[PDB]
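Quick notes on the structure that follows.
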Ligand SMILES: NC(=O)c1ccc[n+]([C@@H]2O[C@H](COP(=O)(O)O)[C@@H](O)[C@H]2O)c1
Ligand SMILES: COc1nc2nc(N)nc(N)c2nc1C
Ligand SMILES: COc1nc2nc(N)nc(N)c2nc1C
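Chains as they are written, first to last, in full-length UniProt numbering: chain A, 2 to 7, 37 to 305; chain B, 2 to 13, 36 to 304.
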């Protein structure tokens, strides 16, 4: 134990497989090919976003929110175009990485997710916490990957989002390890530790998770609209794809009383870019 | 406005003081001048605790420690106990808002304390700011290390003021007088033991590590014990090495470790039912 606690590791790990370290750098490199994925039932339901296609619909959301909240502050984030995932930590160790699936049942892809270098294997405190976000492939890497799909006699990936989702849904961990996939976490799925979405993001960063930094707090739809317009202009130059901007009521208690439909928060909407 | 942040973060000084003396209502929260001699007060402002302090039931013998473990096991079949030192010091509550220390307060009558915020700023171990913008109240003891006490007493002697009887008199004496510059010269320190605002972690032990992440000093001298017998060994070893500790202690506080368990036992009128302090002489 004290052995591994401090190429040698590999030998010791293949010897007593019954006792690899959670923090082992060995989980970042090629491991097993898996049978299939187990199905996993989500402890906390992974809801969806209501969509908006126009400034008027954003006006309409804002008016619906101010039916219950007098002075809302909104946080507008990017909607990353990738594969949506959920990560469960127990005692500060990542135990289950799972696809959103239908919002109730997903595929347990935990082994595959350990080879996304951005994902923390352990946390700095002994937490139980479930986080959500999107796993994706940078535009930079896409061209390379698609060359590798051809040389292996497989269909090229239609775009980065498909390349990431098809990487995480195939069965060989060692393939995940050779593509450079990354993450942006946007939320706790387990009850929020902090008072505000903007504080949750800063907290998640304190835990070791990558949080997307292009985001603002805004008081009205006019400030929001500009940010969506600045996003629309810069988006050819981002190093990942997006498919929109998410606007949320910042404060937890405000979100609380707005509540949820059977599908989505009442306190959030997702703007979608024209074609 | 901007030379400030640059000057404060670099320095983290001559100019800075000058700008600060120029524009007093823009001295930044983590300015290093908060550590140095500053204002004198005329008297302390009152402050009403948002979370009032309670007290501790006490025990004075092994038998009594056993009766405690028995009352606890009426409710929780398999308790874990955390065992901590009860430091001989002065009780402080520290309230942060937006990550900044905004009040430091004495126990007072339990609902209303004395605002000693400026004096506490000169205690170096206390963070002026946190690594996130939290609203949080933390509660601990401010004490004087025995080594400082022996220095300060030598200083008072050469300056012909009378010596403090013990580190506890010395600590209450420094913090309760009105000159921040006296606090700065005297080398006080802290150990925090709880969140006074509602716990963020689900065990005392996870609670303690959490505070350490936030920049607070926490006494390493503790254990997680599964029955009165490891507890009693720990206290005996503590009694024995007591003379060799860098600070004075008033005993051992034994607490039911996990929050759900503390919540099921609850409190009497004045005190938790989930905690006891064993008193040494
Ligand atoms: N201005 C402050 O020092 C202040 C106050 C509250 C939170 N924070 C957060 O902490 C960071 C600075 O580090 P520390 O406060 O841990 O020294 C800031 O960049 C900020 O995000 C800072
Ligand atoms: C509040 O719920 C959500 N918030 C989100 N935020 C970002 N940035 N991206 C998402 N995909 C997202 N999805 C959901 C369901
Ligand atoms: C459970 O409440 C308490 N716990 C404590 N813990 C330690 N270590 N020291 C104290 N002085 C203390 N005081 C109280 C009221």
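Don't be surprised by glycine CBs; every beta carbon is placed ideally from N, CA and C.
For residue 229 (chain A), the residues of chain B that pass the 9 Å Cβ criterion are 155, 156 and 157, in the order they occur in the chain. Partner residues in a beta bridge of residue 140 (chain A), as assigned by DSSP, do not exist. Within the same chain, Cβ atoms closer than 7 Å to the Cβ of residue 142 (chain B) are found at 198, 203 and 206, the five residues on either side in sequence being excluded. The chain-ordered list of residues whose CB is nearer than 5 Å to some heavy atom of ligand 3 reads B:79, B:107, B:109, B:216, B:276 and B:298. Counting only Cβ-Cβ distances below 8 Å, residue 232 (chain A) has contacts in chain B at 155 and 156, in chain order.
Nearest neighbour of residue 127 (chain A) by Cα position, chosen from A:183, A:105 and A:69, turns out to be A:69. Contact check between the segment 110 to 130 of chain A and the segment 87 to 102 of chain A: fewer than three CB pairs, one atom from each, fall below 8 Å, which does not count as touching. In the DSSP assignment, residue 159 (chain A) is bridged to A:119. Residue 37 (chain A) counts as exposed, since fewer than 16 other beta carbons sit within 10 angstroms of its beta carbon. About 7 Å separates the beta carbons of residue 162 (chain B) and residue 76 (chain B), which is inside the 8 Å limit, making them a contact pair.
Listed along the chain, the chain A residues whose CB falls inside 9 Å of the CB of residue 223 (chain B) are 223. Residue burial annotation: residue 280 (chain B) is buried, with at least 16 other C-beta atoms found within 10 angstroms of its C-beta.
Taking residue 63 (chain A) as the centre and dropping the five residues before and after it, the same chain places the C-beta of 201 and 202 closer than 6 Å to its C-beta, in chain order. For residue 123 (chain B), the CB falls within less than 6 Å of some heavy atom of ligand 1.
Relative to the non-hydrogen atoms of ligand 1, the Cβ of residue 235 (chain B) never comes closer than 6 Å to any of them.
Runs of the alpha helix (DSSP H) lying entirely within the segment 208 to 251 of chain B and spanning at least 4 residues, in chain order: 227 to 236. Separation of residue 271 (chain B) and residue 131 (chain B) (C-alpha to C-alpha, rounded to the nearest whole angstrom) is 22 Å. If the five residues before and after residue 227 (chain B) are omitted, its C-beta is found closer than 6 Å to the C-beta atoms of 105, 278 and 280, all from its own chain and listed in chain order. By the CB criterion at 7 Å, residue 165 (chain B) and residue 115 (chain B) fall inside the cutoff. Using a 10 angstroms sphere on the CB of residue 217 (chain B), the tally of other CB atoms reaches 16 or more, which defines it as buried. Between residue 293 (chain A) and residue 158 (chain B), the alpha-carbon positions lie close to 32 Å from each other.
Distance from the CA atom of residue 91 (chain B) to the CA atom of residue 284 (chain B), rounded to whole angstroms, is 14 Å. With 16 or more neighbouring CB atoms inside 10 Å of its own CB, residue 144 (chain B) falls in the buried class.
For the pair residue 214 (chain B) and residue 193 (chain B), the CB atoms are not nearer than the 7 Å cut-off.
The distance from the Cβ of residue 231 (chain A) to that of residue 241 (chain A) is about 5 Å, consistent with a contact at the 8 Å cut-off.
Between ligand 1 and residue 154 (chain B), a heavy atom-to-CB distance of less than 6 Å is present. Cβ-Cβ separation between residue 52 (chain A) and residue 152 (chain A): approximately 5 Å, consistent with a contact (criterion under 8 Å). Close to residue 73 (chain A), with beta-carbon spacing below 9 Å, lies no residue of chain B; the smallest spacing is near 16 Å. Put simply, of B:189, B:74 and B:155 the residue whose alpha carbon is nearest the alpha carbon of residue 135 (chain B) is B:74. Within the segment 235 to 266 of chain A, the residues whose Cβ lies closer than 7 Å to any Cβ of chain B are, in chain order, 236. Judged by the Cβ position, residue 53 (chain B) qualifies as a neighbour of ligand 1 at the 6 Å threshold, a heavy atom of the ligand being closer than this. The alpha-carbon separation between residue 289 (chain B) and residue 94 (chain B) amounts to approximately 12 Å.
Counted as a single uninterrupted DSSP element, the alpha helix (DSSP H) harbouring residue 283 (chain A) occupies residues 282 to 288.
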